[PDB]
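Below, chains carry the letters A, B, ... as their sequence lines are ordered, and counting in each starts from 1.
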Amino acid sequence: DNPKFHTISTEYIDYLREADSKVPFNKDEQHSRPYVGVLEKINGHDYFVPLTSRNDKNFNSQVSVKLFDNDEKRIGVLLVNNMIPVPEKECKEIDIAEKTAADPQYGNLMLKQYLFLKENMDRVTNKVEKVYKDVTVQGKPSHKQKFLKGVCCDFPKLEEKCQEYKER
Amino acid sequence: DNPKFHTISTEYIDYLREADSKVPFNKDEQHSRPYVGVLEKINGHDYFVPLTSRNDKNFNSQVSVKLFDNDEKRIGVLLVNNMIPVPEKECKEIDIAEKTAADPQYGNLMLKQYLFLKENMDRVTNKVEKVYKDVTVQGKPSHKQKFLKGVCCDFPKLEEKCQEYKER
Amino acid sequence: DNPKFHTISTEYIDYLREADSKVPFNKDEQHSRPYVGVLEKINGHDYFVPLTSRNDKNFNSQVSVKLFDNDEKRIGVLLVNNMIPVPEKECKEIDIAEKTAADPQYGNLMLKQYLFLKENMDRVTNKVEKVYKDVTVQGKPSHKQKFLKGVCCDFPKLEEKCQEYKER
RNA sequence: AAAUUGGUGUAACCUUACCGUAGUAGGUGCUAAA
RNA sequence: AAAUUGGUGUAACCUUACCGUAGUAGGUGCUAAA
RNA sequence: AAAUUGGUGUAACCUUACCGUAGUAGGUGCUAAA
């Protein structure tokens with residue numbers, strides 16, 4: 001019921017972006033892009049929603065969740081349009097206490113993000129279900145479904161790729 | 001479920017005040033007195049509750065609803081004691097956007113009044129039912145019913161007048 | 001459902017402290033220590049929870065309720081650890097209006113305490129039940145039950161004393 | 001990283017929220033009358 | 001337009017709310033003790 | 001009057017709240033990034 005952050009291996013990310021160019025760059029050079037775990041599986045897949053720090057972009061509310069700290073500063077945006085299915089061997093859980101020891105500023109940011117998300121996980125969940133449903137409909141897309149398909153990863157294609165990974 | 005404002009024809013108002021002198025003067029010279037529509041019919045009649053701008057009078061809470069704007073200024077009082085039954089041909093719906101085009105200050109006041117009322121319509125409804133019941137009881141009036149009868153229009157008499165109008 | 005304050009006769013208090021030294025000193029010299037009545041009887045006994053003005057002590061939350069006024073000043077602490085069973089002849093109801101006439105400052109303090117408590121009586125009740133249960137368990141006490149037994153009056157012993165009083 | 005349609009309020013603007021069983025919250029403006 | 005009783009809080013005052021299965025919210029005052 | 005353990009938050013500090021089906025509220029600090 002309470003969100004867990006994760007980093008995803010750049011190997012698996014690059015492997016996914018082969019099938020869909022909208023998968024987020026991992027930029028693992030200093031802080032590998034954290035993802036939030038969707039609370040329940042979707043069609044047997046563990047899904048993960050990427051965070052971005054590009055807080056001032058034009059986001060449509062249907063595919064994003066803006067995070068705010070107690071003083072109302074923008075502290076990240078969850079991109080539900082770029083959520084991805086990931087196998088449990090290609091993701092690592094983030095220990096905020098650990099991250100705070102290695103990098104005090106960043107770990108504390110992550111704590112703020114955690115405190116915001118545990119109050120707002122209903123909304124993430126809600127949006128995740130609405131867009132997944134609409135992106136995966138067939139066949140003739142409404143006006144909205146066309147927009148969603150354009151701005152979102154090809155979820156079904158990525159699920160196949162996840163399946164293909166399960167040759168291990 | 002959301003309130004609609006109306007103006008009432010001065011012909012019908014004058015016709016009602018023949019039967020009961022407590023019917024409100026319409027003062028149609030610049031802004032004909034707006035009324036709020038009671039959400040549900042009463043004994044088959046559409047009832048309408050008059051607004052007044054006399055915000056500082058001594059009102060008893062049982063027969064009034066004070067409206068306030070976001071900065072807490074007084075912006076009207078609904079006189080449930082002066083509510084009246086009106087046939088649908090003798091009342092016109094108020095288009096706030098239209099009124100705002102013709103008279104920016106007044107139309108905007110009316111918007112504020114609308115925004116307040118849509119949050120407070122339960123209370124209007126509640127008070128409308130309590131006073132209508134008490135005014136129309138028989139036979140021997142309690143202390144309260146005597147007060148209410150004195151300060152309120154003779155609802156049953158006005159309903160008869162409404163019926164008589166239905167010769168059309 | 002709404003709390004009543006009481007004073008308890010110093011005779012009965014001294015009689016109780018014979019059996020358990022943790023019973024609160026009554027200090028009846030100017031303002032006899034007020035107690036709040038537990039809303040429901042416990043095993044047939046009327047219980048009363050003492051107030052203290054020692055607002056800055058180290059209290060454990062499990063056995064106390066801190067009272068605050070509207071400006072957030074500390075205005076007493078209910079000691080659920082020192083609650084006692086009292087027969088109805090050894091306690092007097094406090095008339096706050098009366099106390100306010102005799103001693104304006106103190107009576108008004110008591111009003112503030114009343115206004116706080118009527119909003120917080122669920123918590124008093126809640127804590128009263130938890131500690132009474134744990135203090136009166138047997139036989140082998142948990143870590144917590146040992147702490148509670150040490151800091152609380154011997155409720156069962158005081159109940160016997162209450163029974164013994166009923167020779168009247 | 002990039003890409004974020006169109007809609008929902010008797011709602012003028014910004015931020016926030018909502019998504020078709022769709023308008024929440026904070027500002028700004030207006031400061032009006034029967 | 002005019003006319004708005006009396007009541008509800010262990011509640012002193014103002015505004016607000018409530019209406020007999022009746023006291024909410026914001027101020028002011030008090031700033032007390034076991 | 002005295003006496004107030006130990007615990008509960010992906011929670012650094014103070015106050016407040018909670019009590020094992022256990023972390024609410026207000027401050028302080030941090031002001032970080034993909």
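- Rounded to a whole angstrom, the distance from the P atom of F:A33 to that of F:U21 is 41 Å.
- Between B:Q105 and D:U31, a side-chain N or O to OP1/OP2 separation shorter than 4.0 Å is present.
- Checking C:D69 against B:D134, the closest nucleotide of RNA chain E that is more toward the 5' end is the one next to B:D134.
- Judged by the 3.5 Å cutoff on both pairing distances, D:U28 and D:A12 qualify as a Watson-Crick or G-U wobble pair.
- Contact annotation: C:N26 side-chain N/O to E:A34 OP1/OP2 distance is not under 4.0 Å.
- Stacking check, E:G27 with E:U28: both criteria met, centre separation under 5.5 Å and interplanar angle under 30°.
- Comparing D:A1, D:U4, E:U10 by their nearest atom to the side chain of A:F59 picks out D:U4.
- When the side-chain nitrogen and oxygen atoms of B:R54 are compared with OP1 and OP2 of E:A2, none of them lie within a distance under 4.0 Å.
- Going from the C1' atom of D:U8 to that of D:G20 covers 7 Å, rounded to whole Å.
- Pucker check on F:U5: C1'-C2'-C3'-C4' positive, sugar north.
- Nucleotide E:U4 carries a south-puckered sugar, as indicated by a negative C1'-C2'-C3'-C4' torsion.
- Using a 4.5 Å cut-off on side-chain heavy atoms (C-beta onward), A:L16 and A:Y12 make contact.
- A donor-acceptor contact under 3.5 angstrom links the side-chain atoms of C:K112 to the base of E:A32.
- Across the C1' atoms, E:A34 and E:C19 are found 40 Å apart, a figure rounded to whole Å.
- Spacing of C1' atoms, F:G23 relative to D:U31, comes out at 45 Å, to the nearest Å.
- For the consecutive nucleotides D:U24 and D:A25, the six-membered rings of the bases sit within the stacking limits of 5.5 Å between centres and 30° between planes.
- In terms of phosphate contacts, A:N108 brings no side-chain nitrogen or oxygen within less than 4.0 Å of OP1 or OP2 of F:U31.
- Mapping C:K73 and C:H6 onto RNA chain E by nearest heavy atom places C:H6 at the nucleotide closer to the 5' end.
- Residue B:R74 places at least one side-chain N or O closer than 4.0 Å to OP1 or OP2 of E:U16.
- F:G9 and F:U24 are spaced 10 Å apart, taking the P atom of each and rounding to whole Å.
- Residue A:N126 places at least one side-chain N or O closer than 4.0 Å to OP1 or OP2 of D:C19.
- C:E98 contributes no side-chain N or O that forms a donor-acceptor pair with the base of E:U10 under 3.5 Å.
- The side chain of A:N58 places an N or O atom within less than 4.0 Å of a non-bridging phosphate oxygen (OP1 or OP2) of D:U5.
- Sugar pucker of E:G23: south, since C1'-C2'-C3'-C4' comes out negative.
- When each of E:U10, E:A3, F:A33 is scored by its nearest atom to the side-chain atoms of B:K57, the top-ranked nucleotide is E:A3.
- The shortest distance between the side-chain N/O atoms of B:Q30 and the OP1/OP2 oxygens of D:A33 is not below 4.0 Å.
- For the OP1/OP2 pair of F:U5 and a distance below 4.0 Å, the side-chain nitrogens and oxygens of C:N60 include at least one atom meeting the criterion.
- Residue A:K144 places a side-chain atom within donor-acceptor reach of the base of D:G20, judged by atom type and a 3.5 Å distance cut-off alone.
- Between the side chain of C:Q113 and the base of E:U10, no donor-acceptor pair of N or O atoms lies under 3.5 Å.
- Within the structure, every side-chain polar atom (N or O) of C:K118 is placed at least 4.0 Å from both OP1 and OP2 of E:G9.
- On a pure distance criterion of 3.5 Å, no polar donor-acceptor pair joins the side chain of B:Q145 and the base of E:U5.
- Contact annotation: B:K130 reaches the phosphate of E:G20 (side-chain N/O to OP1 or OP2, under 4.0 Å).
- A:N81 places a side-chain N or O within 3.5 Å of a backbone atom of A:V151 that can act as its donor or acceptor partner.
- The P atoms of D:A25 and D:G6 are separated by 26 Å, rounded to the nearest whole Å.
- Between the side chain of B:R74 and the main chain of B:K66, no donor-acceptor pair closer than 3.5 Å is present.
- For D:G7 and D:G29, the P atoms lie 30 Å apart once the distance is rounded to whole Å.
- Residue B:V23 is in base contact, counting any heavy-atom pair closer than 4.0 Å across all strands shown.
- Both conditions of the stacking definition, centres under 5.5 Å apart and planes under 30° apart, are satisfied by the base rings of F:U5 and F:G6.
- The aromatic rings of B:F155 and B:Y132 sit parallel, their planes meeting at an angle under 30°, below the 60° perpendicular limit.
- Counting atom types as modelled, A:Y35 pairs no side-chain N or O with a base atom of F:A34 as donor and acceptor under 3.5 Å.
- Contact annotation for B:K4: base contact, defined as any heavy-atom pair under 4.0 Å involving a base atom.
- The residue among C:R33 and A:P34 whose nearest nucleotide of RNA chain F lies closer to the 5′ end is C:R33.
- For A:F25 and D:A1, the ring-to-base geometry satisfies the stacking test (centroid distance below 5.5 Å, interplanar angle below 30°).
- Toward the 5′ end of RNA chain F lies the nearest nucleotide of C:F147, the other residue of the pair C:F147 and A:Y106 mapping further downstream.
- The gap from the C1' atom of D:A11 to that of D:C18 amounts to 15 Å, rounded to the nearest Å.
- With hydrogens and angles ignored, no donor-acceptor pair closer than 3.5 Å exists between the side chain of A:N120 and the base of D:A17.
- Under the 4.5 Å side-chain criterion, counting only non-hydrogen atoms from C-beta, B:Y35 is not in contact with B:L51.
- The residue C:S21 sits close to a base: some heavy atom pair falls under 4.0 Å.
- Sugar pucker of F:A25 is north, as judged by a positive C1'-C2'-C3'-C4' dihedral.
- Residue B:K127 places at least one side-chain N or O closer than 4.0 Å to OP1 or OP2 of E:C18.
- Taken together, E:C18 and E:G9 do not qualify as a Watson-Crick or G-U wobble pair under the 3.5 Å criterion applied to both distances.
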